[PDB]
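>>> quick one, fold the following:
(4 chains, ligands or ions: 3)
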Amino acid sequence: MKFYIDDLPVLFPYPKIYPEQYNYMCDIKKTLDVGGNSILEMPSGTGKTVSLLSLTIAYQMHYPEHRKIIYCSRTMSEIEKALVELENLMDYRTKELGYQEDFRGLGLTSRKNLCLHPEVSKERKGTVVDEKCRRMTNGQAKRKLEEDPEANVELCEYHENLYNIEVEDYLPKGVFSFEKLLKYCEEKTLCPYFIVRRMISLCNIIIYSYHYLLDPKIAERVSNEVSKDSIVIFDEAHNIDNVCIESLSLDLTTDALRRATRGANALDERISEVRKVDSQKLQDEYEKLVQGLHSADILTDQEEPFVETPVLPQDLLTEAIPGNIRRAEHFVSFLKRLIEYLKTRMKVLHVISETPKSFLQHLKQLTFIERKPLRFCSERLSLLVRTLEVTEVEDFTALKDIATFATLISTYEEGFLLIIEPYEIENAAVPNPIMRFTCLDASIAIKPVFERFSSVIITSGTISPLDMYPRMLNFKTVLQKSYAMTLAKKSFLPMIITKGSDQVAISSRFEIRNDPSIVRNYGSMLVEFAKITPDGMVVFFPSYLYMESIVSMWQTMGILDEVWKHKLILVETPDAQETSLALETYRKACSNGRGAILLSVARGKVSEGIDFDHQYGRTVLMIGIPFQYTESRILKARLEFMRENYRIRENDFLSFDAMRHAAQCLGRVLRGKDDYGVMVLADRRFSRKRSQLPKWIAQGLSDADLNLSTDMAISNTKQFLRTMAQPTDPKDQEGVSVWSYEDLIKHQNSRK
Amino acid sequence: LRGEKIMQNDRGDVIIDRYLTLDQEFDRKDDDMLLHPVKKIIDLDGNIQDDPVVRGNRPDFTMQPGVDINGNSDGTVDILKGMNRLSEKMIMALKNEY
Amino acid sequence: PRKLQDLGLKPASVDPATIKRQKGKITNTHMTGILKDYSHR
Amino acid sequence: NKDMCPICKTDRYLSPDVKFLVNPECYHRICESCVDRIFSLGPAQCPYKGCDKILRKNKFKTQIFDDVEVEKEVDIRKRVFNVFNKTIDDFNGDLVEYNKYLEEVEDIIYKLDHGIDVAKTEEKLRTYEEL
Ligand code: SF4
Ligand SMILES: [Zn+2]
Ligand SMILES: [Zn+2]
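Numbering: from 1, shown residues only, chains lettered A, B, ... in the order given. Ligands and ions are numbered 1, 2, ... in the order given. Please see the structure below:
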């Protein structure tokens, strides 16, 4: 349809529209026109991505400002869905306006997802892929080939073919999903990664993950190309604090330092070798360092620093190199004795938590390393590596960890803590000391974003409570609200199971995981639901270890044998590719009527973007509240930090963290309003968390379902599934849950 | 083959045990028989490779496969893979030449 | 073993001193040899 | 040279109370037991094959870093920083002069560590002490 808001014409790609979608679009436009941030929570059974793209694209195409759009999702798989929705929306616009308007929309991701080189795309880790591409694209190979054609260094035909054509002609006008982008680039032998990265400044809408906006290592290059007045959308940002914290965190092991000394020794040997034969390089670098230049002025735009900048760009010192680490050998000695100090700090016998200031003071005492040189460690190493012609950098890889640690601990002092533990795994014959640099404040990484951009929309399906995100992340919103779906007939049955058919309490507390009664009670619930679930059944566990133990217990008990008769058993595994194959099989078995059951972790890879709608999900079995491991030094430090700063009680945050994951998994079962499923929360502690669930889920949870038994939940499920299989009466939803164009106009008349 | 954890105490049979290592070779040949590129919609490998330079805090032992005192695997992941492979082979067998 | 344990050497033995070496008148009797003692379950 | 005194060959397994020490003069590992018997009466030459540098028992200390070479550099660094010591304010905020001063000190430490010019550098350390 094509309807009107106060003055903005918006073309919806569907003939019908939900009341929630229209209200969602109206609120978004109000936020955009008034300026500022907002937090909008729309249910999962209502199209959110299409509504966002429909309004925002229309907004950019109508107003004189022509503000760009930045779309942030949490995983790469979501970028594809957003791009597919964008393609569908733009195709509708091209057919209704009579022409293809000037529009470019591209997704962004790593080389590993976009490498077409037959020999470099066959790697099992992205770091190696980046290294090989850099070797063929840094320009060292091209310059050597220019001087002497006989050089055996190779290139990438994809990267080289781009230089023939201009940046504005890399792709035709339109929207390019990754599936479409790779196909187009393969037929013309071009690099999708370099095409995308060189077209961000030209895109009307750019879609990437949160790691490309919050992580300083990969963000600064991308951030410098996007505009300052663009529309910023945070899609599915209910777990954004976790991304913000891992961006400024690091871990050091004994193996890391043992591998760092070898690299430092190799670096010293390389410097000596270069000193004998070709010494002009060292002097040339030293001269520029004395002048006051940094990596930006020395490195060409074609090459990248060896050590990614680990701190936010606003905290990097703009002064010249301190002079202590100005020469190659002096920096190596500086680096070596820093490694030695780290090694001697790994021999503690009890957990030590210290501020970055205390660590710096002790470092300045035992050795004589000051704060300022430590801040330039990463910046200097990238220069030394660049000037040493280090064609293979396998030896020096470990030094990137030491440099990253050095530049972090010397930069930030508030909101950061250094934990040293003699036991990474308490269940080990021999201690394995670990050193963790943890970020406690989640707003440090997101502070630049909320200041650089004027308007930001924070939207998600299960982002509740809405007051805690402004508290946790220091930002203020013009409006924060959650919509309740106007579903004519109840489509999802949320239930809470507190005990088994024997009326014995059930819980997923880790200390009683190996309990014959709780294990058998959960297994009986799994089997009984597997008997009435028609097609698909997803089961989420609080942790992977809990799932591993209980599944093994079920095998001995024989509970799995009963499940095998009705459905196939697919299990989430640590390997990502194997889990992807499990998802493919699970979907296939759901489609052909064989029936499948998928056991996954609530805080795992499956729960962070994979949706189980229609037949892929008809029942969700939340086995326990997904609490973290409370006896974690990092979490306890974060809980203490939040309590003192933001006045958040430790239990409140722990419950909030657990519920934001339980609700996260619940909302992945409804796509439209014709979708239905049963949500069962199997834990006695869930009974008092109804007020903590999202508003649209809490409204559907009845007072009788707050504490059910397994038999009483099965009987209700059987009745509900039977009821949802009947032909819905169109008149019951003709104008109360689904709107035609005429109905929408009426709603615009009565309101005004 | 029944997806049950093998016990070292159990004596077993001498003759059949000779094929245990052969099965370890058949499972490898079957893992490739199932491996193939996955659609980007549900590609979980690209999500972990989205940012290849992510360095945070290593997850707790509750978010990792179980291990014993000596540090080696407890073996429960093997049976998880075994049932996963059984389901995958059954579904693949459906899409035969017929 | 005690002397070895004072020098810091692990002793592979122990002192043997620590080895702890571990009604009336019935009513019916025509059932002479029938009643099996099912005392516990 | 793994866990035992090179002189007395006192392995740690049979003598768990063994404790090693180093002398800045030659940085040679030696267990405490050898130190008392060889040096208690007075100064004597180091009991190493190829080392004839005399030392006193009062100078022995405990090695901090597991790398001997870094210990030598740090100790020399401590010796130099006890003499060559200034701050940014010492040059009234002139960063160029301060950085050049820092580079000179590092060059002094590098030369003293690798023995490039021991005589001239050592005299310079002594000279600056007066000033
Ligand atoms: S230029 Fe592109 S295709 Fe070539 S190696 Fe690099 S990422 Fe792969
Ligand atoms: Zn000795
Ligand atoms: Zn000596």
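
>>> get me the contact residues on chain D for chain A.
Contact residues (Cβ under 8 Å from any Cβ of the partner chain) of chain D with chain A: D:64-67, D:70, D:73-74, D:77-78, D:81, D:95-96, D:98-103, D:106, D:110. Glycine gets a C-beta too; all of them are placed from N, C-alpha and C.

>>> which of those are buried?
For those, a neighbour count by 16 or more other Cβ atoms under 10 Å in any protein chain shown gives the buried set as D:64-65, D:67, D:70, D:73-74, D:77, D:98-99, D:101-103, D:106, D:110.

>>> what is the most widely separated pair among those?
Within those, two members stand farthest from each other by Cβ to Cβ: D:67 and D:98, at 29.6 Å.

>>> next one: residue A:85 from residue A:20, what distance?
In this view, residue A:85 and residue A:20 are 17 Å apart by Cβ to Cβ, to the nearest Å.

>>> so whichever residue of chain C sits closest to chain B: helix, strand or coil?
Closest to chain B within chain C is residue C:10: 18.9 Å, counting by Cβ to the nearest Cβ. What DSSP: H, G, I helix; E, B strand; the rest coil gives for residue C:10 is coil.

>>> what do you get for the one 4 residues further on?
Three states are possible here, and by three-state DSSP the one that applies to residue C:14 is coil.

>>> wait, doesn't it sit right on residue C:1?
Yes: between residue C:14 and residue C:1 there is a contact under Cβ atoms under 8 Å: 6.0 Å.

>>> which residue, other than its chain neighbours, is closest to the residue of chain B found nearest ligand 1?
Proximity of chain B to ligand 1 (Cβ to the nearest ligand atom) peaks at residue B:52, 11.7 Å away. Closest residue to residue B:52 apart from its sequence neighbours, by Cβ to Cβ, 6 or more residues apart in numbering or on different chains: residue A:126 at 2.9 Å.

>>> wait, isn't that neighbour in contact with residue A:109?
No: counting by Cβ under 8 Å, residue A:109 is not a contact partner of residue A:126; they are 10.0 Å apart.

>>> and the residue of chain C closest to chain B, what does it touch?
Shown in contact with residue C:10 (Cβ atoms under 8 Å, 6 or more residues apart in numbering or on different chains): residue C:4.

>>> that one and residue B:70, how far apart?
Distance from residue C:10 to residue B:70, counting by Cβ to Cβ: 20 Å.

>>> before we move on, the earlier item: which one of the buried ones among the residues of chain D next to chain A is nearest to residue A:265?
Closest to residue A:265, out of all of those and judged by Cβ to Cβ, is residue D:67, at 10.0 Å.

>>> what sits against that closest one?
Contacts for residue D:67 were tallied using Cβ under 8 Å, 6+ apart; they are A:261, A:336, A:340.

>>> with residue A:483 instead?
Taking Cβ under 8 Å, 6+ apart, we find residue A:483 in contact with A:20, A:23-24, A:40-43, A:46, A:695-696.

>>> any of the residues you listed buried? List them.
For those, buried by 16+ other Cβ under 10 Å: A:20, A:23-24, A:40-43, A:46, A:695-696.

>>> turn these into a markdown table, including secondary structure.
What follows is the buried ones among the contacts of residue A:483, written out as a markdown table (three-state DSSP):
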| residue | secondary structure |
| --- | --- |
| A:20 | helix |
| A:23 | helix |
| A:24 | helix |
| A:40 | strand |
| A:41 | strand |
| A:42 | coil |
| A:43 | coil |
| A:46 | coil |
| A:695 | helix |
| A:696 | helix |
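
>>> same list, those, but only the ones touching chain D.
Applying Cβ under 8 Å from any Cβ to the buried ones among the contacts of residue A:483, none is adjacent to chain D.

>>> which residue lies nearest the spatial centre of chain D?
Centroid-nearest residue in chain D: residue D:24, 3.7 Å away (criterion: Cα atoms, centre = their mean).

>>> out of the buried ones among the residues of chain D next to chain A, list just those in helices.
When DSSP state H is applied, these are split such that D:70, D:73-74, D:77, D:98-99, D:101-103, D:106, D:110 fall in helices.

>>> and which of these is nearest chain C?
For those, the nearest to chain C is residue D:70 (30.6 Å; Cβ to the nearest Cβ).

>>> that closest one and residue A:258, how far apart?
Counting by Cβ to Cβ, the gap from residue D:70 to residue A:258 is 15 Å.

>>> try residue D:31
In terms of Cβ to Cβ, residue D:31 sits 26 Å off from residue A:258.

>>> quick one: which of these two has more around it?
Between residue D:31 and residue A:258, counted using other Cβ atoms under 10 Å in any protein chain shown, residue D:31 has the larger neighbour count: 21 against 12.

>>> give me the beta-bridge partners of that one?
On the basis of DSSP bridges, residue D:31 is bridged to residue D:20.

>>> which residues touch it?
Neighbouring residues of residue D:31 by Cβ under 8 Å, 6+ apart: D:5, D:7-8, D:10, D:18-21.

>>> equivalent analysis for residue A:407, please.
So residue A:407 contacts A:309-311, A:374-379 (Cβ under 8 Å, 6+ apart).

>>> which non-adjacent residue is nearest it?
The shortest distance from residue A:407 to any non-neighbouring residue, by Cβ to Cβ, 6+ apart, is to residue A:378 (4.2 Å).

>>> test my guess that that neighbour contacts residue A:309.
Yes: Residue A:378 is in contact with residue A:309 according to Cβ under 8 Å; the separation is 6.6 Å.

>>> all strands for chain C, in order.
Using DSSP state E, no strands are assigned anywhere in chain C.

>>> most distant residue from the centre of it?
Chain C, farthest from centre, Cα atoms, centre = their mean: residue C:30 at 37.9 Å.

>>> residues touching that one, list them.
With Cβ under 8 Å, 6+ apart, residue C:30 has no contacts at all.

>>> quick one: the helices in chain B, in order.
Using DSSP H, helices in chain B cover B:14-17, B:20-34, B:44-48, B:76-94.

>>> how much space between residue A:656 and chain C?
51 Å (Cβ to the nearest Cβ, to the nearest Å).

>>> swap that for residue A:193, please
The spacing between residue A:193 and chain C, counted by Cβ to the nearest Cβ, is 59 Å.

>>> isn't that residue up against residue A:116?
No: assessed by Cβ under 8 Å, residue A:193 is found out of contact with residue A:116, at 9.1 Å.

>>> so these two - more neighbours on which side?
Shown here are residue A:193 and residue A:116; by other Cβ under 10 Å, residue A:193 has more neighbours (25 against 17).

>>> now the more buried one, nearest residue through space, not along the chain?
Nearest residue to residue A:193, sequence neighbours excluded (Cβ to Cβ, 6+ apart): residue A:114, at 4.3 Å.

>>> thought that neighbour was touching residue A:191?
Yes: if you go by Cβ under 8 Å, residue A:114 and residue A:191 touch, sitting 7.4 Å apart.

>>> strands of chain D, start to end?
Going by DSSP E, chain D shows strands at D:20-21, D:30-31, D:44-45, D:54-55.

>>> what's the closest of these to ligand 1?
With Cβ to the nearest ligand atom as the criterion, ligand 1 lies closest to strand D:20-21 of the strands of chain D, at 52.1 Å.

>>> show me how far that closest one is from its chain's centre.
14 Å (Cα atoms, centre = their mean, to the nearest Å).

>>> from the chain's centroid, how far away is the helix or strand where residue A:528 lies?
For residue A:528, the host element (DSSP states H and E) is helix A:516-532. Distance of helix A:516-532 from the chain centroid (Cα atoms, centre = their mean) equals 33 Å.

>>> please name every helix or strand in contact with it.
Helices and strands touching helix A:516-532, by 3 or more Cβ pairs under 8 Å, 6 or more residues apart in numbering or on different chains; DSSP states H and E, are strand A:536-541, helix A:544-557, helix A:559-566, strand A:619-623, strand A:677-682, helix A:710-723.

>>> tilt between the second one and strand A:619-623?
Helix A:544-557 and strand A:619-623 meet at an angle of 100 degrees, taking axes from the mean of the first three to the mean of the last three Cα atoms, to 10 degrees as the criterion.
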